[PDB]
A.B. asks: 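One structure, pasted below without further comment.
One-based numbering along the sequence shown. Atoms considered below: every heavy atom in the structure, side chains included; atoms not considered: hydrogens, waters and symmetry mates.
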Amino acid sequence: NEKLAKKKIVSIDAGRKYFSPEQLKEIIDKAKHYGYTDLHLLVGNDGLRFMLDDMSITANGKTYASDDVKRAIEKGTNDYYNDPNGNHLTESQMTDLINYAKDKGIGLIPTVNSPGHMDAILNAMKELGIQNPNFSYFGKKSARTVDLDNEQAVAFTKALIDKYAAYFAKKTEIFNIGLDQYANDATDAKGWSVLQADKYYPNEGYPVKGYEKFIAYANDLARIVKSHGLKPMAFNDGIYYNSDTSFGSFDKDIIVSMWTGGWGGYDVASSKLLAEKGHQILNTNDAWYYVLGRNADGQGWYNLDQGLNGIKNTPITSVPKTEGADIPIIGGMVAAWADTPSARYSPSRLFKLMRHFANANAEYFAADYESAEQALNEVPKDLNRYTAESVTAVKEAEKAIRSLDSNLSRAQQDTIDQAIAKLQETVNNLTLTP
Ligand SMILES: CC(=O)N[C@H]1[C@H](O[C@H]2[C@@H](O)[C@H](O)[C@@H](CO)O[C@@H]2O)O[C@H](CO)[C@@H](O)[C@@H]1O
Ligand SMILES: [Mn+2]
Ligand SMILES: [Mn+2]
Ligand SMILES: [Mn+2]
Ligand SMILES: [Mn+2]
Ligand SMILES: [Mn+2]
Ligand SMILES: [Mn+2]
Ligand SMILES: [Mn+2]
Ligand SMILES: [Mn+2]
Ligand SMILES: [Mn+2]
């Protein structure tokens, strides 16, 4: 029961790339069928593809009008990638989506990313007239990352997160603030190093109090998310980067989506350290990643064959960078991304990824009872015209379905399937009294 109690989550990048309500419902249907508990839907990730009915934002001593914010965001998103399939989900569509998923026992966890991966929000702030929102590193300007020194850009971004969190209140449980990959473009994937650099290498032009400002920013977003009764979540790479606790402390109520163990010259906190500091961990191991369009071996990083290998070889309990410690988890999340958002979305390939993750960790995933429910609905209601012996067999086969444990795992699907087959056989064997 400890395994079944974990969250099993599929993540979809509907920030970079448009997904229709119809497509998202299909993903939810497959998630339910395969025994998942949640859909993790990025809506702000480079692109911003979710618009509230009221997008008025109060910051900087004024209100930015809802119509202008909407227009700024649509335009800013299109400047990132003008997706021929669509620009954004509406509030009505999101409310209906969350309700659709709720009726299937599927939760929804949104991401609206900052202070990185916010190309569209930066664009929108400029369309509104906010000056110089982008972070720059020695003359290289980031297209994705806000400058934490810019009070007006920061205040707007926070108010925008607040506006979305207010919407998601009471209809969801977790809100992912992201926080990954600060200034990845401008610093060539060294942004955390850069933010910490001035403390250790002063008078060299590194951002003064860079990392300390990032901690404060992260903590203020956590405060804002918690005020709405939501649990804040964030990706791990910037949290105690280089295992450095000397800049300040992150809010313990931030759940960590642990997606990377780091790489050469990019030294992240271990999951051991983060657990010790008091953070819950959602295992989001990039072993399982799939980037749309990279569909076979040789087609680049996080290609589908690599992700299926990752799922085969790295179980849901294997967290990045454990330092050999036993790391508890709240669950696991398999993620599909749209780094090249003009790539064709292939449902069957995403479903294969999701199915493989479910099958490789089958004791964790819920079983599927829907066919069992259907079979019970197909039993003839009135059995009086059949022989007592044939009737008893049917009643016994029905009782046996109703007596199945109601929280079986996917590993035990055969038990359900056998019970269905027995019922069908007994119904087929109903014999009319002569
Ligand atoms: C949390 C997360 O998964 N973030 C991104 C991550 O990014 C890639 C890649 O885009 C970066 O260039 C490198 C160096 O920082 O890191 C990762 O390899 O993985 C996903 C798949 O590429 C992205 O879609 C995520 O946005
Ligand atoms: Mn107007
Ligand atoms: Mn641009
Ligand atoms: Mn159901
Ligand atoms: Mn500065
Ligand atoms: Mn180090
Ligand atoms: Mn292959
Ligand atoms: Mn049902
Ligand atoms: Mn049904
Ligand atoms: Mn039980």
A.B. asks: So, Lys321 side chain and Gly261 main chain: donor-acceptor pair closer than 3.5 Å or not?
C.D. replies: no

A.B. asks: Taking only residues at least two apart or on different chains, which pairs with a member in residues 198-211 satisfy side chain to side chain donor-acceptor pair (under 3.5 Å)?
C.D. replies: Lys199-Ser246, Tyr200-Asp244, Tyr200-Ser246

A.B. asks: What residues form a ring-ring contact (aromatic ring centres under 6.0 Å, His included) with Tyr240, not counting sequence neighbours?
C.D. replies: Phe250

A.B. asks: Which residues satisfy the salt bridge (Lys or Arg N to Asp or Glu O under 4.0 Å) test with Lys171, sequence neighbours excluded?
C.D. replies: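 Once residues adjacent in sequence are excluded, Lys171 has no partner under the salt bridge (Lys or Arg N to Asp or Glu O under 4.0 Å) criterion.
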
A.B. asks: Is there a side-chain contact between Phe156 and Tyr64 (heavy atoms, below 4.5 Å)?
C.D. replies: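 Yes, close enough: below the 4.5 Å cut-off.
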
A.B. asks: Please enumerate all residues that pass side chain to side chain contact (heavy atoms under 4.5 Å, CB included) together with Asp251, with sequence neighbours excluded.
C.D. replies: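 Result, side chain to side chain contact (heavy atoms under 4.5 Å, CB included) vs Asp251: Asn219, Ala222, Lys226, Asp253, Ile254.
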
A.B. asks: What is the minimum heavy-atom distance between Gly332 and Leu282, and which atoms define it?
C.D. replies: N-CD1, 3.9 Å

A.B. asks: Any ion pair linking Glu323 and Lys272 (charged N to carboxylate O, less than 4.0 Å)?
C.D. replies: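 Not counted as a salt bridge, because no side-chain N and carboxylate O are separated by less than 4.0 Å.
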
A.B. asks: Measure up the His40 and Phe235 rings against each other and bin them: parallel (under 30°), tilted (30 to 60°), perpendicular (over 60°).
C.D. replies: perpendicular

A.B. asks: Would you mind checking if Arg223 and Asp220 are paired as a salt bridge, meaning a charged N to carboxylate O distance below 4.0 Å?
C.D. replies: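 A salt bridge is present here (some side-chain N lies under 4.0 Å from a carboxylate O).
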
A.B. asks: Quick one: which residue pairs count as a salt bridge (charged side-chain N to carboxylate O under 4.0 Å, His left out) with a foot in residues 349-373, not counting sequence neighbours?
C.D. replies: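 Every salt bridge (charged side-chain N to carboxylate O under 4.0 Å, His left out) pair that includes a residue of residues 349-373, provided the two are not neighbours, is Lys3-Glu363.
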
A.B. asks: Angle between ring planes, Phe135 versus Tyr137, binned at 30° and 60°: parallel, tilted or perpendicular?
C.D. replies: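 Judged by the thresholds at 30° and 60°, the geometry between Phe135 and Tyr137 is parallel.
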
A.B. asks: Looking at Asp180 and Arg144, does any basic side-chain N land under 4.0 Å from a carboxylate oxygen?
C.D. replies: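 Looking at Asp180 and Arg144, the cut-off is not met.
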
A.B. asks: Going by the rule salt bridge (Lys or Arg N to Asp or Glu O under 4.0 Å), which residues pair with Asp237 if we only count those two or more places apart in sequence or in a different chain?
C.D. replies: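 Result, salt bridge (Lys or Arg N to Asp or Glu O under 4.0 Å) vs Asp237: none returned.
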
A.B. asks: Heavy atoms only: give me the nearest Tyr182-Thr187 pair and the separation to one decimal.
C.D. replies: O-OG1, 4.2 Å

A.B. asks: With sequence neighbours left out, write down each residue that passes ring-ring contact (aromatic ring centres under 6.0 Å, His included) with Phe351, or none if nothing qualifies.
C.D. replies: none

A.B. asks: Would you check if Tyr167 and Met94 make a side-chain contact, meaning some heavy-atom pair closer than 4.5 Å?
C.D. replies: yes

A.B. asks: Considering only NZ, NE, NH1 and NH2 on the basic side and carboxylate oxygens on the acidic side, decide whether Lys30 and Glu26 come within less than 4.0 Å.
C.D. replies: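 Judged by the 4.0 Å cut-off on N to carboxylate O distance, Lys30 and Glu26 do not form a salt bridge.
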
A.B. asks: Which residues satisfy the side chain to side chain contact (heavy atoms under 4.5 Å, CB included) test with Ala155, sequence neighbours excluded?
C.D. replies: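 Residues passing side chain to side chain contact (heavy atoms under 4.5 Å, CB included) with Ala155: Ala59, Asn60.
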
A.B. asks: With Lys163, which residues qualify under salt bridge (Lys or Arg N to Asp or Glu O under 4.0 Å), at least two apart?
C.D. replies: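 Counting only residues at least two positions away or on another chain, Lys163 forms a salt bridge (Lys or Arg N to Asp or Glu O under 4.0 Å) with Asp54.
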
A.B. asks: Going by the angle between their ring planes, with limits at 30° and 60°, are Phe357 and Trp288 parallel, tilted or perpendicular?
C.D. replies: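 It falls in the tilted class, 30° to 60°.
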
A.B. asks: Taking only residues two or more places apart in sequence, or in another chain, which ones meet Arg410 in a side chain to side chain donor-acceptor pair (under 3.5 Å)?
C.D. replies: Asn359

A.B. asks: Which pair of heavy atoms, one from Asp13 and one from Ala338, lies closest together, and at what distance?
C.D. replies: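 Scanning both residues, the minimum pair turns out to be OD2-N, 2.9 Å.
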
A.B. asks: Check side chain to side chain contact (heavy atoms under 4.5 Å, CB included) between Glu22 and all other residues, then give those that pass, not counting sequence neighbours.
C.D. replies: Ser20

A.B. asks: Return the minimal non-hydrogen interatomic distance between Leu42 and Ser11, and the atom names on each side.
C.D. replies: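 In terms of heavy atoms, the two residues are closest at CD1-OG, 3.3 Å.
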
A.B. asks: Looking at residues at least two apart in the chain, or sitting in another chain, which of them share a side chain to side chain contact (heavy atoms under 4.5 Å, CB included) with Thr317?
C.D. replies: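 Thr317: side chain to side chain contact (heavy atoms under 4.5 Å, CB included) contacts with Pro315, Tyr364.
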
A.B. asks: Identify the heavy atoms of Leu273 and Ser243 that sit nearest to each other, and give their distance.
C.D. replies: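 Answer, listing the atom of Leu273 first, then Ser243: CD1-CB, 3.6 Å.
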
